[PDB]
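Counting from 1, one number per residue, gives the positions in the sequence shown under the deposited numbering. All C-beta atoms in this analysis are idealised placements derived from N, C-alpha and C, irrespective of residue type, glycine included. Here's the structure, in structure tokens; my notes come after.
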Amino acid sequence: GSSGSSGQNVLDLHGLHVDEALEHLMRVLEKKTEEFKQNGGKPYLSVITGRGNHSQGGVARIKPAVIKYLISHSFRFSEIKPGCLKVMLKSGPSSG
Numbered sequence: 001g002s003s004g005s006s007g008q009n010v011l012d013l014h015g016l017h018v019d020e021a022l023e024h025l026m027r028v029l030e031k032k033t034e035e036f037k038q039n040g041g042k043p044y045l046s047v048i049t050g051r052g053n054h055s056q057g058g059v060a061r062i063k064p065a066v067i068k069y070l071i072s073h074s075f076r077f078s079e080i081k082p083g084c085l086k087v088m089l090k091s092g093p094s095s096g
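Dropping the structure here:
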């Protein structure tokens, strides 16, 4: 319905290289949570690794790595869509 605070909350990984996608997931995990605490947004973050591609080849192999990195940092996430991943941003201190 109504609209909320500005700023992208969904990060699209599909299209980039496993290496890139990963690094991005980390840079966005901290860069995103920033505004989340500064302003105030959803405690989670949308991340699209890729969908449909598999049909032909979908050899992206991005989700595989992402999932591995997540579990490592004990990052809680749920699968609501066959092409989306909901992750719960971890809370903590602030820049200042």
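(request) Can you tell me the Cβ-Cβ gap for residue 51 and residue 83, rounded? I've got them flagged as a contact below 8 Å. (result) 3 Å
(request) State the CB to CB distance for the pair residue 18 and residue 62, rounded to an integer number of angstroms; the pair is presumed to be in contact (CB under 8 Å). (result) 6 Å
(request) With DSSP collapsed to three states, give me the class of residue 97. (result) Absent from the structure is residue 97, since the part of the chain shown begins at 1 and ends at 96.
(request) Pick out whichever of 10, 26, 8 and 11 has its Cα sitting closest to the Cα of residue 69. (result) 26
(message) I'd like to check one pair, residue 46 with residue 90: are the Cβ atoms closer than 8 Å?
(response) no
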